[PDB]
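Protein chains: 2
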Amino acid sequence: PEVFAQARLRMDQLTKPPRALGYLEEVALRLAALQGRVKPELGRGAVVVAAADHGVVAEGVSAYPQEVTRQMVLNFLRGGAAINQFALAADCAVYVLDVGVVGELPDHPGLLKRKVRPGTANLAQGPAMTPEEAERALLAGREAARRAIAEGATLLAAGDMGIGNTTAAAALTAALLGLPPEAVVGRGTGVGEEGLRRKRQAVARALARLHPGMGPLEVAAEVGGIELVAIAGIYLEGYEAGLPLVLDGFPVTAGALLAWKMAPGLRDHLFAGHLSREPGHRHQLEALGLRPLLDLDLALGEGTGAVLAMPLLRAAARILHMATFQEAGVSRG
Amino acid sequence: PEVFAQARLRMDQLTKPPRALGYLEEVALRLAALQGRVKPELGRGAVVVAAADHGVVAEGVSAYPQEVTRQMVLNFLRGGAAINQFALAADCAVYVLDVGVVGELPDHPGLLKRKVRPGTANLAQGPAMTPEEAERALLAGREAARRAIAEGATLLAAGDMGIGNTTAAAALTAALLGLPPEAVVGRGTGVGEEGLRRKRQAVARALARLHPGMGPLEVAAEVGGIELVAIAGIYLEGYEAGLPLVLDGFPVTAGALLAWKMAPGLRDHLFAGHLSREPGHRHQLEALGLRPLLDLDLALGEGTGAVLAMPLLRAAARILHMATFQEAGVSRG
Numbered sequence: 003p004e005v006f007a008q009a010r011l012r013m014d015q016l017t018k019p020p021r022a023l024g025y026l027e028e029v030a031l032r033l034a035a036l037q038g039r040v041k042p043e044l045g046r047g048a049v050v051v052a053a054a055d056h057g058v059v060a061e062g063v064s065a066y067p068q069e070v071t072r073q074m075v076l077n078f079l080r081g082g083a084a085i086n087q088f089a090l091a092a093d094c095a096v097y098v099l100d101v102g103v104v105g106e107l108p109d110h111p112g113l114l115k116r117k118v119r120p121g122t123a124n125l126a127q128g129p130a131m132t133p134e135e136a137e138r139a140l141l142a143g144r145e146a147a148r149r150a151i152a153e154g155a156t157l158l159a160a161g162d163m164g165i166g167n168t169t170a171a172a173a174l175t176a177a178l179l180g181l182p183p184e185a186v187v188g189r190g191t192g193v194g195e196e197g198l199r200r201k202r203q204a205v206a207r208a209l210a211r212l213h214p215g216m217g218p219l220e221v222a223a224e225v226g227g228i229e230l231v232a233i234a235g236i237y238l239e240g241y242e243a244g245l246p247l248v249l250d251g252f253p254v255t256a257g258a259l260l261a262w263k264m265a266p267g268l269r270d271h272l273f274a275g276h277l278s279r280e281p282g283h284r285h286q287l288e289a290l291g292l293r294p295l296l297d298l299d300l301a302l303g304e305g306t307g308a309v310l311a312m313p314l315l316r317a318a319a320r321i322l323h324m325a326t327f328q329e330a331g332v333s334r335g
Numbered sequence: 003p004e005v006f007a008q009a010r011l012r013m014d015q016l017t018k019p020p021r022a023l024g025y026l027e028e029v030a031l032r033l034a035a036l037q038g039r040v041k042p043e044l045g046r047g048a049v050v051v052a053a054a055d056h057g058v059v060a061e062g063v064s065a066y067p068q069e070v071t072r073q074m075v076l077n078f079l080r081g082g083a084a085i086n087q088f089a090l091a092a093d094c095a096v097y098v099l100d101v102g103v104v105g106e107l108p109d110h111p112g113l114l115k116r117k118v119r120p121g122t123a124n125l126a127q128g129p130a131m132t133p134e135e136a137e138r139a140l141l142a143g144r145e146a147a148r149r150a151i152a153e154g155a156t157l158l159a160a161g162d163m164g165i166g167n168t169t170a171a172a173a174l175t176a177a178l179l180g181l182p183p184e185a186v187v188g189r190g191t192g193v194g195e196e197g198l199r200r201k202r203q204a205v206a207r208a209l210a211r212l213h214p215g216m217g218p219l220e221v222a223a224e225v226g227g228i229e230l231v232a233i234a235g236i237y238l239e240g241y242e243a244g245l246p247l248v249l250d251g252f253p254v255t256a257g258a259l260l261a262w263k264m265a266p267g268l269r270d271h272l273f274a275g276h277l278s279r280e281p282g283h284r285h286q287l288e289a290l291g292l293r294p295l296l297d298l299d300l301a302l303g304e305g306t307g308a309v310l311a312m313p314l315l316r317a318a319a320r321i322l323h324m325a326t327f328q329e330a331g332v333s334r335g
């Protein structure tokens, strides 16, 4: 691992005071170690937005009708969503993966139709999905990332779209980290005390069907969402492909937690794009041991926070491309 | 000002929960009001790095030889500096303006030679420069920005390069904001207690030559730096040209403070790229009433923090380009 050492040695000789580029110096080094290069290279990015509906909307956990998921997917394909706008500004390709949206979707170049089932079952009253479906969701996730990678992605983010997925995310997070509902439940798409109560209860109901020994994917099948599992697959594929992986918000990071529990060293490839407003996000980042690159009080999802951070990751990658004191003829003191 | 209202009305109808894009929503609105457009447009950016030496280096306030300024300028022209690397990643043009570097500099396409004098006089023992020189520095600053603007700049940042300029920045800041040395003095390019002491003393010496009634530029002439005044000019020109202006670190923001004191409404065009490690930076941003877009513990300058934030500003500009619920056929609840 001479590269880790060499990159670190070069960093110390770049033309700038020691520690002058703060947290970006650490990012630069991680990117260096990931690619096995002293001077990391980054270009075209990609985000795979996984969409699926949740049966838990029946418990009244969202402020939006279930139909918003399907409608937003069409919005993604037509470029009218936030993720479309940010991806345009960040040189990021946009892929949309349907793994569980309720309703049919027409064929479209930017859409991978892999519907595992019309939304999950109500997670508050039983397993969200079966083990076989969870495996298909994971497979669909890996497939989409694979395509994004084959098409030139150098940085990979995952995005989410699923009305009521903050509940599934909280349950999956509480389960994988051994946390109580109160620690992982938040505002979501904008809910008051009545909503929060109903979410905490749904999470509690799910956690009560779990037991020690259950593997991470079995836990995800019981308490999560189809798109959350697909997201875990997106990161698993990217990790195996050795690419830098960028985290978005609470629902997306919940999927990253699953991937991590299934692949221990995957955290080495993760970069937290931001810290969302969702209270549970802090817990996820603390367990992943990651510092958010951005904190803009975002609460949208879709992979927006991850995509907004891509430019920063590219800037960090360029740090080691700077001249050293000797290379630039600059006195060091 | 129907545009302010219309943009605000559209923001509320975009396809996303209310407040979902956090602080970026405010940025989007400011950008909208600045351009007088509902859907703000941004593209090519530019940063003008003003360089000049300080006579106060004689008080031993820096950990680097004075020659580093001239050497770094050559580094800028050859693309080996951090600002070169970040500008490449942010689609930002780089101009270098010599207004007070000690020593000759060869003709170069990316350099505007406008040396006001070989470095300022020791600010700790008398006026850093004369009123006439301050006016020439300001003029040089406006000239460089004008060229950057004529060449297509849609976003304008200022950068700094001047060994010992954190002392001049602190004095200029303390003077314009009525703050004590202790509040504006910090680590600089990396100094211990001995350095900090010497800086606070130099600031105190300068502040003692000032009196009520003195205009902002007269204050700058007495206690600042040639490049800091040039930076004030860069922002003044950009402001008059009606462009969005991006702030970098402590020394650059000190120049922005001068511009602001000379042009009251200029703050309407300012966007804080980041919050540097320099303690005094917080004071500057509080007085300017600006929230930092980034906080990466940066302490370099050169305009790096401002350039790193350009991509975010472009992403914020695209927010209003999103589809509204009606335009996208998405139910709002």
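These protein sequences, in sequence, are chains A and A'. A prime marks a further copy of an entry chain.
First residue of the first sequence? That's 3 in the deposited numbering, and the numbers climb one at a time after it.
First residue of the second sequence? That's 3 in the deposited numbering, and the numbers climb one at a time after it.
A virtual CB, placed ideally from N, CA and C, is assigned to each residue, including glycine.
Considering only the beta carbon of each residue, do residue i and residue j sit closer than 8 Å?
i               : j               : result
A52 (chain A)   : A160 (chain A)  : yes
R320 (chain A)  : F88 (chain A')  : yes
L247 (chain A)  : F273 (chain A)  : yes
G257 (chain A)  : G307 (chain A)  : no
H271 (chain A') : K41 (chain A')  : no
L114 (chain A)  : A83 (chain A)   : no
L140 (chain A)  : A234 (chain A)  : yes
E239 (chain A') : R148 (chain A') : yes
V186 (chain A') : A208 (chain A') : no
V254 (chain A)  : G331 (chain A)  : no
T175 (chain A)  : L259 (chain A)  : yes
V50 (chain A)   : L99 (chain A)   : yes
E229 (chain A') : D162 (chain A') : yes
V58 (chain A')  : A126 (chain A') : yes
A177 (chain A)  : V225 (chain A)  : yes
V103 (chain A)  : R72 (chain A)   : yes
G180 (chain A)  : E280 (chain A)  : no
Please list, in chain order, all residues of the same chain as residue i whose beta carbon is under 8 Å from its beta carbon, the five residues on each side excluded.
i                     : result
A206 (chain A')       : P183
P133 (chain A')       : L219, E220 and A223
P3 (chain A')         : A35
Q328 (chain A)        : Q15
residue 401 (chain A) : A query on residue 401 (chain A) cannot be resolved here, the shown segment of chain A reaching from 3 to 335 and no further.
Within its chain, find whatever has a CB closer than 7 Å to the CB of residue i; leave out the 5 residues flanking it on each side and keep chain order.
i                    : result
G227 (chain A)       : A54, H56, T122, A130, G164, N167 and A170
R316 (chain A)       : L44
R12 (chain A)        : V40, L322 and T326
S278 (chain A)       : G251, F252, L300, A301 and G307
residue 2 (chain A') : Given that chain A' is displayed from residue 3 to residue 335, the structure contains no residue 2 (chain A') and the question cannot be resolved.
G112 (chain A)       : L79, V96, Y97 and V98
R46 (chain A')       : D93, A95, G154, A155 and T156
Going by the DSSP bridge assignment, what does residue i pair with across the sheet?
i               : result
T326 (chain A') : A':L16
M163 (chain A)  : A:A53
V96 (chain A)   : A:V49
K41 (chain A')  : In the DSSP output, where bridge partners are listed per residue, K41 (chain A') has none listed.
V75 (chain A)   : According to DSSP, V75 (chain A) bridges with nothing at all.
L249 (chain A)  : A:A274
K115 (chain A)  : A:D100
In its own chain, which residues sit with a C-beta less than 6 Å from the C-beta of residue i, not counting the 5 before and 5 after it?
i                   : result
residue 1 (chain A) : Nothing can be reported for residue 1 (chain A): it is not among the residues displayed for chain A, which extend from 3 to 335.
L245 (chain A')     : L158
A261 (chain A')     : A234, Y237, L238 and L268
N124 (chain A')     : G57, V58 and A60
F6 (chain A')       : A35
So, do the region 190 to 206 of chain A and the region 153 to 168 of chain A have three or more beta carbon pairs nearer to each other than 8 Å? yes
Answer yes if the region 301 to 319 of chain A comes into contact with the region 207 to 223 of chain A, meaning at least three C-beta pairs across the two stretches below 8 Å, and no otherwise. no
Check each residue of the region 314 to 331 of chain A: if its Cβ is closer than 7 Å to any Cβ of chain A', include it; give the result in chain order. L314, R316, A317, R320, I321, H323, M324, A325, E329, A330 and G331
Okay, do the region 279 to 286 of chain A' and the region 53 to 70 of chain A' touch, 3+ Cβ pairs below 8 Å being the bar? no
Beta carbons nearer than 8 Å to chain A': which residues of the region 55 to 76 of chain A have them? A65, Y66, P67, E69, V70, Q73, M74 and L76
Counting pairs of beta carbons, one from the region 296 to 303 of chain A' and one from the region 69 to 79 of chain A', are three or more of them closer than 8 Å? no
Would you be able to state if there are at least three C-beta pairs under 8 Å between the region 101 to 115 of chain A' and the region 25 to 35 of chain A'? no
Quick one, which residues of the region 82 to 112 of chain A are near chain A' if we go by CB-CB under 9 Å, in chain order? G82, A83, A84, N86, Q87, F88, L90, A91 and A92
Contact residues within the region 263 to 288 of chain A', judged by C-beta distance below 8 Å to chain A: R279
Please list the residues of the region 5 to 31 of chain A that have a C-beta atom closer than 8 Å to any C-beta atom in chain A', keeping them in chain order. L16, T17, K18, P19, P20, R21, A22, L23, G24, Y25 and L26
Members of the region 187 to 198 of chain A near chain A', C-beta cut-off 7 Å: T191 and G192
Could you run through the region 301 to 315 of chain A and flag, in chain order, every residue whose CB is less than 9 Å away from some CB of chain A'? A301, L302, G303, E304, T306, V309, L310, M312, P313 and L314
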